[PDB]
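Cβ placement follows ideal geometry from the backbone for every residue including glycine, while neighbour counts extend to all protein chains displayed. The values are calculated or read from the model by the stated rules, or taken from the named source; nothing here is a laboratory result.
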Protein chains: 4
Amino acid sequence: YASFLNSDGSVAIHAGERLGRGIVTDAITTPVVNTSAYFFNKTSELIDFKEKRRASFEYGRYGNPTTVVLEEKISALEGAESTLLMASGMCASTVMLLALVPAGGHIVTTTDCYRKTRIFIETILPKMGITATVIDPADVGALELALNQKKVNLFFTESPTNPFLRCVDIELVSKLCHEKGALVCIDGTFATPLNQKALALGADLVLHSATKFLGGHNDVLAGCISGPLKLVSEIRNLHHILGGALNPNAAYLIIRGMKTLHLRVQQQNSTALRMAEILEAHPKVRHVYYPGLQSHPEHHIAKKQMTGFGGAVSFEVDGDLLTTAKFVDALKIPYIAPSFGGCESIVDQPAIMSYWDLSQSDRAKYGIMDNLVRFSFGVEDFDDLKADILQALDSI
Amino acid sequence: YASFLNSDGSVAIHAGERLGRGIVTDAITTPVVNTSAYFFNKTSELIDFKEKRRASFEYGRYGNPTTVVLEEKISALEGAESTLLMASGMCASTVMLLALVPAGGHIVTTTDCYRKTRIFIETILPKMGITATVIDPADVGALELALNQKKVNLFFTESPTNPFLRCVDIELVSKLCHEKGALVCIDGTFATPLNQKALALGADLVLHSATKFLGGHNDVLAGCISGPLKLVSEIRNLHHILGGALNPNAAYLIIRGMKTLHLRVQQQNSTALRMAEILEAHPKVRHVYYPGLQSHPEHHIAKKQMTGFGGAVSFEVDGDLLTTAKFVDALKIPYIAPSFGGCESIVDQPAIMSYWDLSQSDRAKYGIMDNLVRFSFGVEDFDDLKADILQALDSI
Amino acid sequence: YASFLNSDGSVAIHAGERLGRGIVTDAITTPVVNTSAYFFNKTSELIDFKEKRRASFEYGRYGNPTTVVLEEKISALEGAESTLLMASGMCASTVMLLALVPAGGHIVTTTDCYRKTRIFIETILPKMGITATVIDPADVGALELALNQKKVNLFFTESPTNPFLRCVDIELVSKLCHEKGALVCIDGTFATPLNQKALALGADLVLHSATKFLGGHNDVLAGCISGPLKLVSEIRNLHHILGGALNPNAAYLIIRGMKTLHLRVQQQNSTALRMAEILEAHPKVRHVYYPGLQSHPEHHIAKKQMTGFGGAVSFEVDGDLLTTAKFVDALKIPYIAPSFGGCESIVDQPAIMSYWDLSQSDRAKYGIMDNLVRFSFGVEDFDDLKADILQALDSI
Amino acid sequence: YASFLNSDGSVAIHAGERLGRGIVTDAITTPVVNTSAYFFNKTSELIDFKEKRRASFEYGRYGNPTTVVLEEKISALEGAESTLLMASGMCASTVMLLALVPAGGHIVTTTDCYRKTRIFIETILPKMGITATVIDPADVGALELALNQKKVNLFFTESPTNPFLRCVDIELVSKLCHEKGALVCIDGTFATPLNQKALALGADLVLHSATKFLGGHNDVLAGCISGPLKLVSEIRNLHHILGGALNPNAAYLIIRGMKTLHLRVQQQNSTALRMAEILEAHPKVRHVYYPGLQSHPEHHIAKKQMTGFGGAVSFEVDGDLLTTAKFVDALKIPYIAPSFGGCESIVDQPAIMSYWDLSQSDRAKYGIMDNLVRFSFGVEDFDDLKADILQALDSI
Ligand SMILES: O=C(O)CSc1nc(-c2cccc(Cl)c2)no1
Ligand SMILES: O=C(O)CSc1nc(-c2cccc(Cl)c2)no1
Ligand SMILES: O=C(O)CSc1nc(-c2cccc(Cl)c2)no1
Ligand SMILES: O=C(O)CSc1nc(-c2cccc(Cl)c2)no1
Ligand SMILES: *Cc1c(COP(=O)(O)O)cnc(C)c1O
Ligand SMILES: *Cc1c(COP(=O)(O)O)cnc(C)c1O
Ligand SMILES: *Cc1c(COP(=O)(O)O)cnc(C)c1O
Ligand SMILES: *Cc1c(COP(=O)(O)O)cnc(C)c1O
C-alpha cells in the first residue's frame, strides 16, 4: 500500500484514506454516501462505462464510495488483492460457499464450527447436492485422507476455532490442499488480521465477521471476504445477485472502529492471556482454553503462526449446569449475550446460549458441557475485570 | 391496527408507532438502536427466552426494535399477518425463492421480469435442480396448462410488470393456482401497497423493493416480504442463516420516508397519467405503456384491481438508438440512472442501461427496443416536468 | 437557481444539487461529510486560502459541504442572496440579535412572541443595555411613532404570529422602517418559504426554525437565517465565534425532508383551512384563529401577501381549564407536546404547555386563556383527523 | 459511579450505561433517539411534570435520552456533580461566560488562550461592560494582585495552555481565588479527564472541546462543561435559551469514541513524550514545548497534578518561515489542519494556520514565531511517525 507506513495499526488507520479516496474532499474522515443509485451525465458516458471504458458503481448494490474505502482498508491489512463486504459474516461465508463450491461438489470442514455456519452446510448445501466431510481441526491425517478419497473443492474452517479456540496449521493445510487442487478458506474472525495473516500463510481466502472485532463496538453487523481478485470477484458477482449489500452508515461505523483496531486488540490480547493463566491456576476452574497457554493442544502452532491469541477465553467451571450459571450470574461487568470482540466484555453459557435446543446428550456430541463458559474480554481495565471474575468465583 | 385510522396515509404514518413501540419512549419518532446483540439480566432469563417464555431478538441478525416497527408498519399497510425486511429487494425475492421452492421443484413466472431476478432463476435455482416455466403475463391459458402439466410449487411475478407495466389478474391467477396447491407471490414494487393490496386480491405473498417507492428518496436499499405468518416465518428462518439483515439506520430512513408515502404516491400517480396521455398524443412518441391508458392491454384489469397506476411510464420514441439517446440527453431534470420511485425523477434507455451486454437481436427477444425509454416521474412540479419532456422532443 | 425550474417544489427538491454540489459524486443524494476539520495539501495552499485565493471551510465550525447544500437550497427557495444555518431557531434569532443590534441600541417587536424569544429580549439583551419596545402586530401607528421617538436599530417579529397567527403587513412595515433606517427581520416559521416570501415583500432578513416545517418530521432541530450577503455574513462571523454549528447528519435529514416540502405544506394548508371553518362553525368552539378565515383580523393582509395559511390552527373551547383538557385528552391522533409542523399532528394547551409557570392573571396579560388550544395539523388524512377532532368534541 | 468499576478506562466505557439508561433496552449500546420533542399521555401528566412531579425533557432543546448518557458518562470521569453538553467547545466556553459573569463584572484569564476564545472576550464581553485582566499562566503574583485590586467574578484559563502547553497550579490558584470569592474555570481540553481531574484539584468548573480528544476521531464537534449542580444548572438555563443543543447522532459518536478513550490517550501520551525528547535532542530543533520534559517551565507542576502530558507537542524549527513550512510540507503522515486529538496525526504552523491575519510584529506579541510548529500526534505506530518526522528533517 504505502511506503512510509509499515505497522498494521498505522495502516488500519490510514489504509485507503490518507492518500486518496476517489471521492475527493478536504475532509479528514471518509464522507458517508447515502445513495440508492448512480447517475450518468450523458448516454455517451453510460455507454463508455457499460463498455468498460469508465468507472462507476452503476447501482448501490454494486458498490459504494464510502464502502470501497473500508474494502481497500481491510485489503491492505490482510495484505490481499481485493476484499468484499457483506451485510454480515453469515452472509459472507454463506455466499462464498454457494459461490465457489459447484453443484454435487465436496467440501471439507472442521468439527468445531459456528452453530449457524454448521446448519447451512448440513441443511442448505445438500439441496445443491453438495456433500461435505467433518474432521478434527488437528487430525491432519483425515484431511490428507479425504483429500484423496473424494474430490474436494474447498477446505473451510476458522482458526482459532470456536469455542475451544483450536487452531489449524494453515501453512501445512494449504499445502496438502493446494496439492490436490482444493481451495483453503479460513475464518480468522477470532484472530483478526492483526494477530495473523492467513493469506501470507498460504490460505486462498480469509473472512471475518467484522460484526465482532473489526467494528469492536457491538453496534453493527457486517461480514467480509478478502483474497485474490480472480477469486473474490467470482463471489462479488453472485453477491450482486443475492443482493446482501452493506449499508454505508454501517461501513462508516466500521471504518471508524478500525481507527483504533491495534490499540484495542493489543489490550484485549493481554487481559486475555493474564486472566487465562490466573483462571487456569484457580482451583474452581476445571479447565481453560486459550492458544496462549501451553496447556492448549495446538499451542505450538499458535506460537508459530500467531502474534497474539485474541481476547476470547473459554473455560469449564468446577460445577454443574446450575452452578456454572450461578457463576456468570455473579459477574457484574460483562453482558450476558452472544457476539464478542466489543469494547464491552461479554460472557455466555453455550450449553444454554445456543445449544439449549439440543439434548444433554447431543450437546456432548460436540464437547459443549453445561460446564463450559465463553468469555469475550472487553477493553475495560484488567484489574477491574479480574477482580470481578475472581469475586464471582467466591460465590460457590 | 387502529380503529380511528382508516385512510392508508394515516396508517403509513402511525402504523406500529402511535400506539406503542415496545421500546418505550416519550419521543415522537422511533429511536434508532445500533446494537450488534442483546444481553440478558441473568441466566434464569436466558433460559426462559430459550424456552420460549420471554421475548428478545437474541442477536442483531435475528431482529431489531427499530426494524420491527417498519416491519409492523408495512404489515399494517399491506394488511398482512407479518412482514420481513431484508437488505435489498433482490435479497428478499432471492431468499423467498430458496425458502419456499423445494429441491427439484417447479416454479412459474412471467416473461417480463427484473433483469437480475431473471438470472437468479436461470442460473442459480437450476443448481438446486429447480426448473421453471416462463409465460406471458396475460396468457392465462399457459398458466392453467402448466398448472396441470407439472407440479408447480409457486407462481412468481410482479404486477405491474417491467418495463411494460403489464399487469396480472391476481384474483384470477390466485384462484387457478390455489386450485392446484401452487403458491402465488406478487412483487408489487411498481404498484405500492397504496395502489393495490395483492394480498386481499388472493395472493399468498407480496414483496416490494423498498429501495424504490417505500423509501422514495433514492438514499437507501431494502427489500421486504409480507404475508401469513405460517409462511413468512419459514423464510425468516432461512433468512437468519443467510444473514442479510437490514441495518437499523436504513430501517429508520425508510420509516421516515413512509411518513409521506401517500402524499408522494398521489402526486406521482397524477403526473404519470397526465404526462402519459400527453405523451401518447405526441407525434414523435411512437408508443406509450401505462396501465392508466386504455391503450394498455390489461388496462381493464388495472382498473379492476388498482386505484392508481404508479409514477412510472415507458414509451418508445419515433427514432433510432442514437436518436432516442439524443432525447434523454436533452432532458434537464431527470437523472439518467437505474432505480426509480424517488422524489427525484429518473430516465434510462434499457437497451443500454441494462441490456447493452446483449446483442441487438437477443435484445428484441424480450421486446427491449433501442426505442424504449423508461421514465420514473419524480415528485417535482408537473408543469416543470412536462415542459422539460416536451422541450426535449423538439430537439429531434 | 435554474432556468427550467419555476415551481417552488421543484426547487426545494433540486435547489443546490441537480446542477452541482462542489463535492462531486455520481450519487443522486447529497453525501454526509462527518469531519471536524479540513486539511491542506501543502503550506503554499494554506497560504493561498488564508490570503483569500483558495476555497475551504478551514474548520468544521466555519462550514461543511453537506451543509452549504441545505444552505443554498433554502437560499433559493426564499430567493435570498445567502443563508445561514444554526443548531436551532433559538440560536438563530438569538445570535442574529446580538449580531445586528449594537450596545445600548433599540429594537421593536410585537407582543405576540415565542415564549423563549421573549425572555432573551427581556433578560439578556438588557445586559448589553439594549432596550426594546413591544407593540401590537397590527398597531402600525405605534411602530411609526416609536420609529420617530427613539432610534430603532431593527424591527423583529414573526408572521404569522404565535399563538394567534396574527400577521403583519410586511411590505408596509418594511417601508416605514427602511424610511428611518431601521432593519426588518421576519420569522416566517409558521409561514414557510412556500406560503410567503417576506424577502420579496421587502423584509431585510427572514428566519425559520427548520425544527418545525422545513424538517417536518419532528426528528431534528435546526434554525436558519437568509437575506443579503452584506448582512447575513456579519452574523455568520459572530456565529463562527459563539460556535453553534449544525451537525451534518442534521443538515442531511433536513435536506431529505425538504424533498417533500411542497407536498406536505400543501396537504397541511388544506386540512387546516377546512378544519378551521368546520371548527368555527362548531358550537362547542368559542373562537378560532386562522389567517385563512375572514373572522381573522389581518385576514385581508394574509390574502395579500400569503398564498397559504399554514397547517397551524388555534382555538378556544367553550369550557374551562379542566374541560378544555378533557377535550385534548379525548383526541387519539395528535400527540400532546410543543413543536409543530411535522407529519404527525400535535396539540397542546399553552396555558399549561408553556405558561403554567405564570399566574392565572399574568397569563391573561398575553391573551393566553385556559380556553385556548393550539393544533398543528399533521399530514394524516383529513377525514381521519376531522372525525377524531369531532368525536372529542362530543365528550363535552 | 459503580463500585466494581474503578479504573477510569472502565468508567469511560460503562459510565452511565452498564447499570441503567432510563431508556430501557436489552441493547448493549445506547440507542440514538432522533426526536424534536417529547409528548405526554394526558394533560394530568403534563401538569405533574410542569409542577415538577414527573420527569421529562419537554423539548429537544431541553435535553435528550441519548445525550444525558454522555452527560452522565463525562460527569463520572471528571467526577463531577453534573455535566452539560453544547454543540461545540466554543459554545461551551462562550455560554458559560455570559452565564456566570454578571454585567460590568470582571474576569481574569491567562495570556495564552485559544484564538477564538480570545476575541469573544476582547470583543463581545465588553458589550456587556465586562472587563477582564490578562496575566501570565505562571505569574501567581499578578493573579493575587488583581484578585485584590478589582472584584474578580471568575478566573478562566486552560491547562495545559496553547500552544506552549503552559500549565497552571490549579490547587494553588483555586485557593487564592476562592479566598476572594472568585470562581475558577479550567479548560482541560489538552489534558483530558484521564490525565487530570481539575475538579479534584479545587477548580469550580472544568470544560473541554470534546471535538478533540473525547471524540478523538475528527468527525464531530461538541463542547461540555462539568461541575457542581448549583453552578452548571445556572448555565444549562441560559443554554436552553441560546439554544445551542447538541444533536443526538453527535452525542452517540462521542459516546462511541470514549469507549476507547483510555486506550487512545495512553498511546498518545507515550508517542508524545518519546518524540518530544527525541525532538528536543535533535539539532535542527531549536526549542520544544511539552510538560513532560524538564525543559518545560511548569514541568514540576505538571508532575504534581498530571499523570500524563497529552499527545500534543509544540516546537520551533531551526529555520525561517519558509523553511519551517518546507518541513511540514515534507511530513507524509499528519494532515495539515487545525484541530487535534484524533486518531489521525495533525500538524500546523500557527503563524499561518490562524495568525496569518496579523502582522509579523503583532504575531510576536504572543510568542507566535514563524518558527513554531504544533504537532498533534495521532494514534499511529510510533516508529512510523518518528521515521516520518525525522525524514522530514534531513530535508533541510
Ligand atoms: O454457540 C455458538 O456456537 C454460536 S452463538 C455464539 N456465542 C458466542 C460468544 C458469546 C459470549 C462470549 C464469547 Cl467469547 C463468545 N459466539 O457465538
Ligand atoms: O433492466 C432492468 O430491469 C434492471 S435496471 C432498472 N432500471 C429501472 C428503471 C430506470 C429508470 C426508470 C424506470 Cl421507470 C425504471 N428499473 O430497473
Ligand atoms: O408557548 C410558547 O409560545 C412556546 S412552546 C410552543 N408550543 C407550540 C405549539 C404546540 C402544539 C401545536 C402548535 Cl400549532 C404549536 N409552539 O410553541
Ligand atoms: O491557533 C489557534 O489558537 C486556533 S487554531 C488551532 N490549531 C491547533 C492545532 C493544530 C495542529 C496541531 C495541534 Cl497540537 C494544534 N489548535 O488550535
Ligand atoms: C460470530 C461469528 C460469525 C457471525 O457473523 P455475523 O456477522 O454475526 O453473521 C461467523 N463466523 C465466526 C467464526 C464467528 O465467530
Ligand atoms: C428495482 C427492483 C428490484 C431491485 O431491488 P433492490 O433492492 O434494488 O435489489 C427488484 N424487483 C423489482 C420488481 C424492482 O422494480
Ligand atoms: C418553534 C419556534 C422557535 C423554536 O425553534 P428551535 O429551532 O426549536 O429552537 C423559534 N421561534 C419561533 C417564532 C417558533 O415558532
Ligand atoms: C480546540 C479548542 C476549542 C474549540 O472547541 P470547538 O468545539 O471546536 O468549538 C475551545 N477551547 C480550547 C482551549 C481548544 O483548545
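Only a single criterion out of (1) in contact with a helix residue (DSSP H, G or I) (Cβ under 7 Å, 6 or more places away or on another chain); (2) away from chain A (no Cβ under 14 Å); (3) farther than 30 Å from C:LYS259 by Cα; (4) among the charged types (D, E, K, R) is not satisfied by B:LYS303, namely (1). Just so you know, in segment C:297-314 the residues that are among the aliphatic types (A, V, I, L, M) and within 13 Å of C:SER159 (Cβ to Cβ) include one that is nearest to ligand 6 (Cβ to nearest atom), and it is C:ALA312.
D:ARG61 fulfils the conditions (1) over 20 Å from the mean Cα position of the chain (by Cα); (2) away from ligand 7 (no atom under 16 Å from the Cβ) except for a single criterion, (2). When the criteria are applied in full, C:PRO350 meets the requirement of being within 14 Å of chain D (Cβ to nearest Cβ) and closer than 17 Å to C:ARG166 by Cβ. Among the residues making up segment C:133-143, a single one is among the hydrophobic types (A, V, I, L, M, F, W, C) and within 16 Å of ligand 7 (Cβ to nearest atom): C:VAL134.
Taken over segment A:232-251, the criterion of being part of a loop (DSSP other than H, G, I, E, B) and surrounded by fewer than 19 Cβ atoms within 10 Å (Cβ to Cβ) is satisfied by no residue. Selection of segment A:341-373 for residues being touching a residue at least 40 places away in the same chain (Cβ under 8 Å) and either on the phi > 0 side of the Ramachandran plot or of a type in the set (S, T, N, Q) (or both) yields A:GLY341, A:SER345, A:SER354, A:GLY367, A:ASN371.
Rundown of residues vs (1) closer than 30 Å to A:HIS14 by Cβ; (2) of a type in the set (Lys, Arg); (3) within 16 Å of ligand 1 (Cβ to nearest atom), yes/no style:
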position: D:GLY181; (1), (2), (3): no, no, no
position: D:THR189; (1), (2), (3): yes, no, no
position: D:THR192; (1), (2), (3): yes, no, no
position: D:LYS197; (1), (2), (3): no, yes, no
position: D:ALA200; (1), (2), (3): no, no, no
position: D:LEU214; (1), (2), (3): yes, no, no
position: D:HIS239; (1), (2), (3): no, no, no
position: D:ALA250; (1), (2), (3): yes, no, no
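Within segment D:155-189, being at positive phi and aliphatic (A, V, I, L, M) holds for one residue alone: D:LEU165. Just one of (1) under 30 Å from A:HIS217 (Cβ atoms); (2) away from ligand 1 (no atom under 16 Å from the Cβ) fails for B:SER56. It is (2).
Each residue in segment A:115-155 was checked for being without any contact (Cβ under 8 Å) to a residue 40 or more places away in the chain, part of a loop (DSSP other than H, G, I, E, B) and touching a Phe, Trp or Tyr at 6+ places or on another chain (Cβ under 9 Å), and 0 pass. Of all residues in segment D:1-46, those being more than 28 Å from the chain's Cα centre (by Cα), within 12 Å of B:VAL33 (Cβ to Cβ) and either facing chain A (nearest Cβ under 8 Å) or part of a loop (DSSP other than H, G, I, E, B) (or both) number 5.
Return the residue satisfying two criteria in turn: it lies in segment D:76-114 and is over 30 Å from D:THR66 (Cα atoms) and touching a residue at least 60 places away in the same chain (Cβ under 8 Å), and of such residues it is nearest to ligand 7 (Cβ to nearest atom). It would help to see each step written out before you state the result.
Within segment D:76-114, the subset over 30 Å from D:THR66 (Cα atoms) is D:101-113.
If we keep only those that are touching a residue at least 60 places away in the same chain (Cβ under 8 Å) as well, we get D:108, D:111-112.
Details: D:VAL108: 34, D:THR111: 37, D:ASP112: 35 Å.
My answer is D:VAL108.
Kindly indicate the residue of segment B:206-231 that is crowded, with 24+ Cβ neighbours inside 10 Å and not in a loop (DSSP other than H, G, I, E, B) and also nearest to the chain's Cα centre (by Cα) among those meeting that condition. Per the stated criteria, the residue is B:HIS208.
Does segment C:78-92 include one or more residues that are of a type outside the set (D, E, K, R), away from ligand 2 (no atom under 16 Å from the Cβ), over 22 Å from C:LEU221 (Cβ atoms) and under 17 Å from the mean Cα position of the chain (by Cα)? Walk me through how you get there before you give the answer.
Of the residues in segment C:78-92, the ones of a type outside the set (D, E, K, R) are C:79-80, C:82-92.
Still in the running and away from ligand 2 (no atom under 16 Å from the Cβ): C:79-80, C:82-92.
If we keep only those that are over 22 Å from C:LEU221 (Cβ atoms) too, we end up with C:79.
Going one step further and asking which of them are under 17 Å from the mean Cα position of the chain (by Cα), we end up with C:79.
So far as segment C:78-92 goes, yes, one or more of its residues are of a type outside the set (D, E, K, R), away from ligand 2 (no atom under 16 Å from the Cβ), over 22 Å from C:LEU221 (Cβ atoms) and under 17 Å from the mean Cα position of the chain (by Cα).
Out of C:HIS217, C:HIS240, I need the residue that is away from ligand 4 (no atom under 16 Å from the Cβ) and in the same structural domain as C:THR110 (by CATH). Which one?
Values: C:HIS240 fails: away from ligand 4 (no atom under 16 Å from the Cβ).
Answer to the check: C:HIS217.
Look at segment D:56-95 and say how many of its residues are within 10 Å of chain C (Cβ to nearest Cβ) and part of a helix (DSSP H, G or I). Lay out the reasoning, then the answer.
Narrowing segment D:56-95 to residues within 10 Å of chain C (Cβ to nearest Cβ): D:56, D:58-62, D:64, D:86-95.
With part of a helix (DSSP H, G or I) added as a condition, the list becomes D:60-62, D:89-95.
Looking only at that region, the number is 10.
Set side by side, the residues C:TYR1, C:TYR62 differ, and just one is aromatic (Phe, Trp, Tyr) and under 29 Å from C:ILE119 (Cα atoms), which is C:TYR62. For segment D:162-214, a residue qualifies if it is over 16 Å from D:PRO228 (Cα atoms) and among the hydroxyl-bearing types (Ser, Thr, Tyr), and the qualifying residues are D:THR189, D:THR192, D:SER209, D:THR211. Does segment B:165-177 contain at least one residue that is more than 30 Å from C:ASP26 (Cβ to Cβ), among the small types (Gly, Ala, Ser) and assigned to a helix (DSSP H, G or I)? Yes, segment B:165-177 contains at least one residue that is more than 30 Å from C:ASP26 (Cβ to Cβ), among the small types (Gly, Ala, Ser) and assigned to a helix (DSSP H, G or I).
Listed here are the residues, each with its yes/no results for (1) out of contact with any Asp or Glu (no Cβ under 7 Å at 6 or more places or on another chain); (2) within 16 Å of ligand 8 (Cβ to nearest atom); (3) under 24 Å from B:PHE57 (Cα atoms).
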site: A:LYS304; (1), (2), (3): yes, no, no
site: A:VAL317; (1), (2), (3): yes, no, no
site: A:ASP320; (1), (2), (3): no, no, no
site: A:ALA325; (1), (2), (3): yes, no, yes
site: A:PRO350; (1), (2), (3): yes, no, yes
site: A:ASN371; (1), (2), (3): no, no, no
site: A:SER376; (1), (2), (3): yes, no, yes
site: A:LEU390; (1), (2), (3): yes, no, no
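Considering only residues of segment D:322-345 that are crowded, with 21+ Cβ neighbours inside 10 Å and at the interface with chain C (Cβ under 8 Å from one of its Cβ atoms), which is farthest from A:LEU261 (Cα to Cα)? Looking at residues that are crowded, with 21+ Cβ neighbours inside 10 Å and at the interface with chain C (Cβ under 8 Å from one of its Cβ atoms), I get D:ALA325.
For segment C:279-292, the criterion of being more than 11 Å from every other protein chain (Cβ to nearest Cβ), surrounded by fewer than 21 Cβ atoms within 10 Å (Cβ to Cβ), of a type in the set (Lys, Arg) and free of Cβ contacts under 8 Å to residues at least 60 places away in the same chain is met by no residue.
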